[PDB]
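Data block below; observations after.
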Amino acid sequence: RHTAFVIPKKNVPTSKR
Amino acid sequence: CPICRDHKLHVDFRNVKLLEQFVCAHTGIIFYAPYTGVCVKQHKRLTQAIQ
Amino acid sequence: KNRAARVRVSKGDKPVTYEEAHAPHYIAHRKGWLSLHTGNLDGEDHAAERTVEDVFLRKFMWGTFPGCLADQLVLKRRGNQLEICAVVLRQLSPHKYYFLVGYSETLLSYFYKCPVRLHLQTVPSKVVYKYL
Amino acid sequence: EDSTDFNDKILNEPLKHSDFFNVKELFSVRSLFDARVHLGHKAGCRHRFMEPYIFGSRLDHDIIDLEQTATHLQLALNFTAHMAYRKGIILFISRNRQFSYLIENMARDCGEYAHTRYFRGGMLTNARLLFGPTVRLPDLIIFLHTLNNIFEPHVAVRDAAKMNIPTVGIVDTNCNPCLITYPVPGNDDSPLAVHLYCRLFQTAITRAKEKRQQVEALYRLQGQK
Amino acid sequence: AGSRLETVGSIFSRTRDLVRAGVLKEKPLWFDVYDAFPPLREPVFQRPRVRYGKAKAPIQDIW
Amino acid sequence: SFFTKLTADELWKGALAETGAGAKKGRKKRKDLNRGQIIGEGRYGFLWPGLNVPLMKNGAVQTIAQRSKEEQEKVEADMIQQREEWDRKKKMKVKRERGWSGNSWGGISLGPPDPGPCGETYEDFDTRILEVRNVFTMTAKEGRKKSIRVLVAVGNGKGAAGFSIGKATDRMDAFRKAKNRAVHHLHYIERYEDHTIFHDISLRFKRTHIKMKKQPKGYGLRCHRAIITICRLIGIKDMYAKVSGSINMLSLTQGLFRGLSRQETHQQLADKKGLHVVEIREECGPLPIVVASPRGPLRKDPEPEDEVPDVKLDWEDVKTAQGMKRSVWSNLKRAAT
RNA sequence: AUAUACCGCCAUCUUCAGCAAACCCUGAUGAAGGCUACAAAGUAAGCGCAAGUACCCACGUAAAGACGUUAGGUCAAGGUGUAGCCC
Ligand SMILES: [K+]
Ligand SMILES: [K+]
Ligand SMILES: [K+]
Ligand SMILES: [Mg+2]
Ligand SMILES: [Mg+2]
Ligand SMILES: [Mg+2]
Ligand SMILES: [Mg+2]
Ligand SMILES: [Mg+2]
Ligand SMILES: [Mg+2]
Ligand SMILES: [Mg+2]
Ligand SMILES: [Mg+2]
Ligand SMILES: [Zn+2]
């Protein structure tokens with residue numbers, strides 16, 4: 001089968017001073 | 001193929017707007033079948049309707 | 001390397017509470033105890049019985065308020081009274097909290113033969129101390 | 001309605017004059033000669049891209065053609081004045097420690113900015129991380145010395161071009177002017193030359209700022225009546 | 001923002017082209033000044049080469 | 001024993017074995033079992049007023065009741081169906097638009113670059129992957145370390161395009177770095193009539209040779225698949241290209257952008273020589289078409305007509321014009337590009 | 001049965017000081033690399049060290065000691081994936 005799967009995600013708002 | 005996948009597209013010498021899509025607008029040549037992917041059966045009917 | 005009760009460093013996206021963020025060597029230094037009774041004082045008895053009861057109450061409340069507890073329980077004993085202080089979330093309707101409070105207090109009073117009370121403090125979300 | 005008239009009478013008007021701020025009256029070939037602006041390094045130190053600006057070599061000491069210096073300096077001062085007139089941020093740069101104190105005072109006096117210290121990696125190309133996402137970078141960078149203290153081009157010359165910031169620069173006979181927007185061939189070592197440059201840029205910037213206030217004030221008085 | 005290819009053209013040509021292509025929404029504050037009073041030479045990156053063979057520098061001695 | 005039971009998080013962390021020596025040097029999915037569960041619902045089917053059923057009914061407080069055997073069978077059966085549907089959705093596979101081949105990353109779109117911090121946007125730009133490579137480095141402790149190197153290209157289809165490399169341990173992180181960086185290294189590519197190049201381009205970058213030919217409208221993109229991808233991002237519709245020597249993707253991309261960025265337009269040719277640039281088309285007969293005129297003064301002395309030009313010819317071009325080029329792979333029928 | 005599927009709790013370097021997201025730059029945009037204080041491209045949240053705390057001090061001793069290394073130890077603490085037994 002195919003495995004070149006693009007799966008977009010963004011980091012969680014866990015970077016705030 | 002593009003023609004056979006839509007039963008409402010009718011290859012007819014009067015449906016010129018559909019026929020123009022299979023003719024090069026710059027050179028006037030009829031695209032060969034691999035260009036558009038139409039099967040040999042529909043490409044012959046397109047070539048006859050265009051002529 | 002030591003492991004006991006240590007939330008290990010990650011990519012900076014793991015929220016941890018104040019209690020979870022402190023290893024065992026900080027007990028009595030930066031964090032208090034989650035249960036207070038006289039069983040472990042010098043010359044006092046029944047430490048074994050108080051311990052079993054505490055372990056059960058923590059499992060009982062975890063499964064009785066599923067997905068609601070936002071922190072560990074605080075168990076307090078004075079005389080023969082048993083106070084259970086829990087920090088819960090604001091997702092369940094108030095009616096269900098009142099049902100579960102009346103249900104759990106009554107069931108535990110008959111189980112351990114003592115007046116039991118449950119004090120709930122609600123929070124909009126799990127209080128985050130740091131992101132490991 | 002009123003914005004087009006503003007930008008037309010204030011921002012577009014000065015661009016229609018060859019020397020709107022009269023910067024040609026600030027210097028002459030003789031004043032540059034008295035400040036030793038024509039003295040270059042020895043021939044053994046010459047940079048290839050500086051040959052077009054060199055009048056010749058007097059006993060193995062390159063002489064800078066002040067006739068070209070005057071035309072380049074005219075363009076450089078004119079550009080600096082127009083940027084000060086438009087309220088641009090001007091940053092002076094120089095690692096020559098003999099003149100660090102002089103240059104920092106000149107920047108504070110004309111109301112601009114100076115960076116004469118060690119230049120840390122990414123001050124310009126990574127500014128949003130070093131200062132903040134809303135930081136405003138300089139609109140013009142003026143190098144009074146284009147070389148660092150190991151005789152290499154100041155890293156900010158490359159990084160100013162990367163960030164598309166125009167650069168004015170004094171270029172001695174051992175300097176590389178290819179990436180300098182408005183280069184000015186001249187001596188960058190003698191205190192008399194460096195002091196002259198500081199006076200010219202300081203005066204050009206101070207005049208342009210006063211001109212901007214005179215034009216604005218006049219534009220408002222006429223606006224009401 | 002602007003292209004950081006400082007060795008491809010100059011800050012003026014790169015800025016002018018990206019303004020044409022609609023990539024840059026506004027022209028920088030210096031663009032109109034450069035256009036009205038350009039430098040004598042367009043600031044294009046060049047690689048310095050050592051001279052070989054019979055190539056000499058055209059600097060003359062002053063006598 | 002009730003006291004030996006553990007929580008769900010502990011049970012899944014052990015069963016999944018995501019952490020361990022087996023997952024360090026290349027040496028099962030979690031399921032939330034509390035998902036569809038309702039507080040108060042049990043096997044016996046009791047109806048607890050105020051918990052799993054409304055507290056009041058018809059203005060009066062309900063009493064403890066229990067569902068009948070038949071009514072409880074429906075609840076159980078309904079819960080199993082709800083479980084199958086939820087699980088079925090996960091097994092459903094999305095239809096991927098494949099790239100150059102079914103299992104390759106090359107040619108796949110990554111979407112527009114992310115919006116900048118200062119409210120900057122790039123919706124007009126499309127991103128394409130050109131190469132994905134697993135690079136390995138040897139380290140003292142861990143040994144053979146695995147990383148990802150990606151090459152992506154961006155472009156708005158109107159002359160502005162660029163490329164960038166991205167490196168990271170995770171592939172999606174490399175994708176992010178590459179496409180966000182490429183949008184800050186944009187070239188502008190001049191296009192003749194917004195569909196082809198201004199003249200034939202022949203260059204070498206390191207060991208990669210690229211030969212590009214200006215073509216008329218309707219010719220299409222008959223080029224290396226990576227060049228086709230980049231041409232669509234730039235906005236070139238008609239061109240022929242041949243790649244020779246090393247077929248290094250990064251050298252191909254870097255060489256392509258060098259050649260396309262260093263081309264002379266017709267206006268630049270008119271200004272450099274102070275002459276009219278006249279175009280002759282066989283479909284328009286002998287009609288001379290002026291495409292560019294010098295903005296400065298116009299020269300009066302004609303360009304010298306050398307009887308024989310001393311230009312270097314490409315044997316492949318000459319051999320093809322003489323009908324001596326024989327290849328079963330040239331001029332094959334292909335899908336529209 | 002499998003510690004070579006694992007959680008849990010640990011040994012070891014450690015009687016260490018390093019680990020690192022997110023960026024930036026260099027190498028022609030290759031694997032990769034990134035310091036010189038009279039400084040020359042690095043900025044770095046967080047983690048560790050440190051600091052604090054316990055014991056009789058600010059000393060000492062405890063405690064602490066990251067990321068990784070040895071598929072290191074333990075399925076026989078308990079739990080548990082996979083496989084197996086059920087007169
Ligand atoms: K283990
Ligand atoms: K075990
Ligand atoms: K087992
Ligand atoms: Mg130990
Ligand atoms: Mg000097
Ligand atoms: Mg396939
Ligand atoms: Mg092991
Ligand atoms: Mg001490
Ligand atoms: Mg110790
Ligand atoms: Mg310590
Ligand atoms: Mg082993
Ligand atoms: Zn068909």
Side-chain angles (χ1 to χ4, degrees), chain A residues 11 14-17, chain C residues 1-14 23-30 130-132, chain D residues 95-98 100 117-131 147-156 158-159 162-163, chain E residues 4-5 7-8 47, chain F residues 1 3-7 9-28 117 133 135-143 145 147 149 151 162-170 173 176-178 180-182 184-185 205-206 246 248-251 253-255 257-258:
Chain A
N11 188 27
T14 60
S15 306
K16 317 191 187 189
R17 177 167 174 172
Chain C
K1 295 185 295 187
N2 300 322
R3 316 292 298 187
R6 286 169 171 83
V7 180
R8 310 209 72 85
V9 65
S10 68
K11 314 178 72 176
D13 61 323
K14 188 198 301 184
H25 61 268
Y26 290 118
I27 292 167
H29 298 251
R30 302 184 185 180
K130 60 189 294 195
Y131 287 95
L132 284 172
Chain D
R95 294 290 292 115
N96 193 323
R97 300 169 63 249
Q98 173 172 354
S100 170
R117 309 296 179 162
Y118 172 80
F119 206 86
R120 290 186 296 162
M123 296 308 285
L124 294 171
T125 65
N126 204 14
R128 302 197 179 191
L129 190 64
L130 301 173
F131 300 104
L147 297 174
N148 60 31
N149 291 326
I150 55 155
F151 309 94
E152 313 293 309
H154 198 289
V155 71
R158 182 200 70 197
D159 283 1
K162 281 180 179 294
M163 306 307 298
Chain E
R4 304 191 173 194
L5 305 169
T7 63
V8 173
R47 197 92 64 192
Chain F
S1 180
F3 294 97
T4 53
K5 293 169 175 287
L6 299 178
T7 61
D9 286 358
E10 293 167 313
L11 289 171
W12 284 113
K13 189 179 178 177
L16 295 176
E18 293 177 357
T19 58
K24 294 174 191 169
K25 307 187 181 189
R27 293 155 175 166
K28 186 63 179 177
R133 184 183 287 251
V135 293
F136 292 87
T137 185
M138 296 295 295
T139 56
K141 300 185 179 180
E142 296 182 2
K145 182 201 179 191
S147 176
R149 191 189 77 188
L151 175 61
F163 67 98
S164 185
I165 296 174
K167 297 187 74 177
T169 297
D170 180 61
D173 296 331
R176 185 191 66 256
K177 295 179 189 178
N180 291 340
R181 188 177 188 278
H184 302 301
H185 297 76
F205 186 90
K206 297 184 172 182
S246 172
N248 180 9
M249 182 62 63
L250 180 51
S251 296
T253 306
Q254 199 165 1
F257 276 92
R258 168 171 292 200

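Note that these values count all heavy atoms, side chains included, but never hydrogens, waters or copies made by symmetry. Residue numbers begin at 1 in each chain, while the letters A, B, ... track the order of the sequences.
Pairing for G/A5 is absent, with no Watson-Crick or G-U wobble pair whose two atom distances lie under 3.5 Å. The nucleotide G/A40 finds no pairing partner, because no Watson-Crick or G-U wobble arrangement with both distances shorter than 3.5 Å includes it. Using the Watson-Crick or G-U wobble rule with both distances under 3.5 Å, G/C19 pairs with G/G46.
Qualifying side chain to side chain contact (heavy atoms under 4.5 Å, CB included) partners for C/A4, counting only residues two or more places apart in sequence or in other chains: C/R6, C/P24.
Of all non-hydrogen atoms in C/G12 and C/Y131, the two that sit nearest each other are O-CB, 3.5 Å.
Dashed line: the shortest gap from a side-chain N or O of F/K206 to OP1 or OP2 of G/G30 is under 4.0 Å. For D/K162, no side-chain nitrogen or oxygen approaches OP1 or OP2 of G/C25 to under 4.0 Å. Within the structure, a side-chain polar atom (N or O) of F/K13 is placed less than 4.0 Å from OP1 or OP2 of G/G8. At least one side-chain nitrogen or oxygen of D/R95 sits closer than 4.0 Å to the OP1 or OP2 atom of G/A40. For A/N11, no side-chain nitrogen or oxygen approaches OP1 or OP2 of G/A22 to under 4.0 Å.
Nearest-nucleotide assignment on RNA chain G puts the 5′-proximal partner with F/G14, out of C/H29 and F/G14. Nearer to the 5' terminus of RNA chain G, by closest-nucleotide assignment, is the contact made by D/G121 (compared with the other of D/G121 and F/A140).
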Pairs under 3.5 angstrom, nitrogen or oxygen only, protein versus nucleotides 48-51 of chain G, please.
unit_1 : atom_1 : unit_2 : atom_2 : d
G/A51  : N1     : C/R30  : NH2    : 3.2

Distances under 3.5 Å between nitrogen or oxygen atoms of protein and nucleotides 32-35 of chain G:
unit_1 : atom_1 : unit_2 : atom_2 : d
G/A32  : OP2    : F/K167 : NZ     : 2.5

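Salt-bridge annotation for F/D173 and F/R176: present, with a side-chain N of the basic residue lying under 4.0 Å from a carboxylate O of the acidic one.
With distances taken from any side-chain atom of F/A17 to the nucleotides G/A71, G/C6, G/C38, the minimum falls on G/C6.
Rounded to a whole angstrom, the distance from the P atom of G/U53 to that of G/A37 is 37 Å.
Ring-centre distance between F/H185 and F/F163: not below the 6.0 Å cut-off.
Side-chain contact annotation: F/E10 with F/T7, donor-acceptor N/O pair under 3.5 Å present.
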